């Protein structure tokens, strides 16, 4: 008695068509999936990916339960936050689903590790209030005091996703063994913590380490039986996915960017209003959109994707190309 896409929609055959051809593609139109499904990108994309990877069958997750949990997660994203809402989460979830398909990663990950990274992706920004970690620290907000300045929002997103599992008939993980639930919980934690930006430099250093260890190996592929290595990859992977907008098709990159800048400007408006110094990129009086994108691509996004593409060489070529064309496009619109 379950609609073909988990929750009901006005546009079932269109959506079937989009999901059937697009979900293993780089560069999916999450905004249209959202409009076509009446606000339910997250729930629909997640339902379909978990069906497509056989994850309901594999972990005995009741599909009514999955759907209800996601509907609640989706509701606890804030629709009025311009960028960090459930469409962002649907994007990151699909993108991570894509980056798992690279031929150089076939049979490296257990199914529980796949489950972890995709669940993490779906929840990684749940309840975001549209302000950065630095803002919450700089303002002495309750959350920053509580988490002692460390991964403030990421910790909070995790808290909210786990409380929701409690609620009546929402525990998708109910039929997993005890030592699995606890293993999964450990991974999901580590994965959503890896989306905190202040870990960027550290993760990228571990990822290059592992690139260098693959270039010098006798059999040009990596010993990935150590769980500690695997989880590093997966930490980088969900962070790549979170920083994927500048490597998406130009039109989608620009839509994502207009939203991000509106979020940032609103935060600068709150800073101005409290006599605080205005965060980078948050100042509507002073900021220069194009120059900020070129500099973010040069200093953060390109060196991350370059190293990722080097690990999975050559299965992520299109990413790096689209990223570079986007860089150049933004440079000559300065």
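Positions refer to the first chain, counted from 1.
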In the PDB record, does 98-106 or 223-231 carry the higher mean Cα temperature factor? 223-231
Avg C-alpha B-factor, entry values, 146-154 vs 171-179, higher side is 171-179
Which of these has the highest Cα B-factor in the record: 216, 131, 260, 238? 216
From the entry's CA B-factor values, the highest among 86, 245, 139, 195 is 139
By the entry's values, the third containing the CA B factor of residue 269 is the middle
Please place residue 15 in the lowest, middle or highest third of its chain according to the CA B-factor in the PDB entry. highest
C-alpha B factor of residue 122, ranked within the chain: lowest, middle or highest third? lowest
The third of the chain into which the C-alpha temperature factor of residue 320 falls is the middle
Among all modelled residues of this chain, ranked by Cα B factor, put residue 56 in the bottom, middle or top third, i.e. lowest, middle or highest. highest
